[PDB]
Amino acid sequence: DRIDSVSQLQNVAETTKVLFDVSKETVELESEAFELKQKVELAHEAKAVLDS
Amino acid sequence: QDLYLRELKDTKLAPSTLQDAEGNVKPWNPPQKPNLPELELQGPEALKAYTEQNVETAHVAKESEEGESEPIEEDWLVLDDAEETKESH
């Protein structure tokens with residue numbers, strides 16, 4: 001039973017490699033989204049003000 | 001047509017000083033030159049937030065914070081905390 005349990009560490013590291021990489025990668029790639037948020041807000045304000 | 005021409009120039013001259021000529025406004029006493037061009041020009045700004053939205057204040061995006069360059073304490077603490085929970089899987 002211990003053998004069967006340890007059989008599952010055989011390839012966990014290979015997948016969790018890309019998992020841990022892309023986790024932080026995607027979490028920090030929202031910087032461009034944050035920079036786009038202010039531009040989108042400015043555009044929304046401009047459209048609203050000219051609608052006014 | 002007398003029924004036509006006289007009403008036509010009457011409907012032309014009454015707003016003539018109003019719109020065509022710069023004779024303020026004769027049909028009603030209150031002035032219109034300093035009211036809609038001038039007082040009501042800020043009307044959209046009066047109803048809205050004046051000097052706050054019409055200027056479209058642009059706030060520079062705050063710099064996104066991170067682990068604040070902690071390559072020792074954070075990693076060791078994470079490893080120790082995972083070790084605490086690994087004994088009770």
# chains A, B, ... in the order shown; residues from 1 in each chain; ligands from 1
call {"tool": "closest_atom_pairs", "arguments": {"of": "segment 16-74 of chain B", "to": "segment 26-49 of chain A", "cutoff": "10 Å", "atoms": "only C-alpha atoms", "output": "Markdown table"}}
result
| residue | atom | partner | partner_atom | distance |
| --- | --- | --- | --- | --- |
| B:44 | CA | A:49 | CA | 8.9 |
| B:45 | CA | A:49 | CA | 9.3 |
| B:48 | CA | A:49 | CA | 8.8 |
| B:53 | CA | A:45 | CA | 7.3 |
| B:54 | CA | A:49 | CA | 6.4 |
| B:55 | CA | A:46 | CA | 9.4 |
| B:56 | CA | A:45 | CA | 6.6 |
| B:57 | CA | A:42 | CA | 8.2 |
| B:58 | CA | A:42 | CA | 6.9 |
| B:59 | CA | A:38 | CA | 7.5 |
| B:60 | CA | A:38 | CA | 7.6 |
| B:61 | CA | A:35 | CA | 6.4 |
| B:62 | CA | A:34 | CA | 8.9 |
| B:63 | CA | A:31 | CA | 8.7 |
| B:64 | CA | A:31 | CA | 7.1 |
| B:65 | CA | A:28 | CA | 9.8 |
| B:66 | CA | A:28 | CA | 8.6 |
call {"tool": "select_by_dssp", "arguments": {"residues": "chain A", "states": "alpha helix (DSSP H)", "output": "ChimeraX atom specification"}}
result
/A:2-6,12-28,31-51
call {"tool": "atom_distance", "arguments": {"atom1": "atom CA of residue 50 of chain A", "atom2": "atom CA of residue 40 of chain B"}}
result
15.9 Å
call {"tool": "atom_distance", "arguments": {"atom1": "atom CA of residue 26 of chain B", "atom2": "atom CA of residue 9 of chain B"}}
result
15.5 Å
call {"tool": "atom_distance", "arguments": {"atom1": "atom CA of residue 12 of chain A", "atom2": "atom CA of residue 72 of chain B"}}
result
24.9 Å
call {"tool": "residues_around", "arguments": {"residues": "residue 47 of chain B", "least_positions_apart": "4", "cutoff": "10 Å", "atoms": "only C-alpha atoms", "output": "number ranges by chain"}}
result
A: 52; B: 42-43
call {"tool": "write_last_selection", "arguments": {"atoms": "N, CA, C and O atoms", "output": "PDB file, in the first residue's frame"}}
result
ATOM      1  N   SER A  52     -23.072  63.774 -22.172  1.00  0.00           N
ATOM      2  CA  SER A  52     -23.659  64.832 -21.362  1.00  0.00           C
ATOM      3  C   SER A  52     -23.808  66.109 -22.173  1.00  0.00           C
ATOM      4  O   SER A  52     -24.865  66.750 -22.163  1.00  0.00           O
TER       5      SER A  52
ATOM      6  N   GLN B  42     -22.435  76.333 -18.638  1.00  0.00           N
ATOM      7  CA  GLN B  42     -22.017  75.508 -17.516  1.00  0.00           C
ATOM      8  C   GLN B  42     -23.151  74.645 -16.982  1.00  0.00           C
ATOM      9  O   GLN B  42     -22.966  73.951 -15.978  1.00  0.00           O
ATOM     10  N   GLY B  43     -24.316  74.682 -17.628  1.00  0.00           N
ATOM     11  CA  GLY B  43     -25.445  73.865 -17.248  1.00  0.00           C
ATOM     12  C   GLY B  43     -25.141  72.379 -17.201  1.00  0.00           C
ATOM     13  O   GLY B  43     -25.442  71.703 -16.211  1.00  0.00           O
TER      14      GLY B  43
END
call {"tool": "closest_residue", "arguments": {"among": "B:16, B:2, B:46, B:25", "to": "chain A", "atoms": "only C-alpha atoms"}}
result
B:46
call {"tool": "closest_residue", "arguments": {"among": "B:50, B:31, B:17, B:36", "to": "chain A", "atoms": "only C-alpha atoms"}}
result
B:50
